[PDB]
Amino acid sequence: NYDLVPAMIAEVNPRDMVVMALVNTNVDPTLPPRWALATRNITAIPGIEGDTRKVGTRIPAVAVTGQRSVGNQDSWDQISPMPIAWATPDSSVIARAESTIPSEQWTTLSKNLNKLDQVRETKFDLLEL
């Protein structure tokens, strides 16, 4: 219902950071997934300060909300990722979350961090792979 997605710091600025998440745009989650990259500008994530406030830092997340596509039904045209660290202070539950997310989803996200500007060129900060 609120399942885990990988997210990662894609850019770091003085006042905020940009996180990119790997999300499934299918409304029906049982189908083969339709992967996309979703970005979000974030000011603060507990635990992410200083030496971990770096491009490439892993952030376990969930897709908290989305909006349906007009032309399609069956697809989300917008998806908001949130770090699970906003919901729990517990380091081991966050650590668990990270290991639970498939390594291959982690690697897919890592390989696409460099597409940040392509993603930000879309109208809802969502770019289908």
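Residue indices: 1-based, along the sequence shown.
Chemist: Output the stretch having the higher mean C-alpha B factor in the entry; the candidates are 89-97 and 22-30.
Modeler: Per the PDB record, 89-97.
Chemist: Choose from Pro81, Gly56, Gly50, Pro60 the residue with the greatest Cα B-factor as stated in the PDB record.
Modeler: Highest C-alpha B-factor among the listed options: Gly50.
Chemist: Could you look up the Cα B-factor of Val64 in the entry and say which third of the chain it sits in: lowest, middle or highest?
Modeler: Ranked within chain, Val64 CA B lands in the middle tercile.
Chemist: Can you work out whether the C-alpha temperature factor of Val119 puts it in the lowest, middle or highest third of the chain?
Modeler: Highest third - that is where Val119 ends up once the chain's C-alpha B-factors are sorted.
Chemist: Lowest, middle or highest third of the chain for the C-alpha temperature factor of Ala7?
Modeler: Within its chain, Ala7 is a lowest-third residue by C-alpha B-factor, going by the deposited values.
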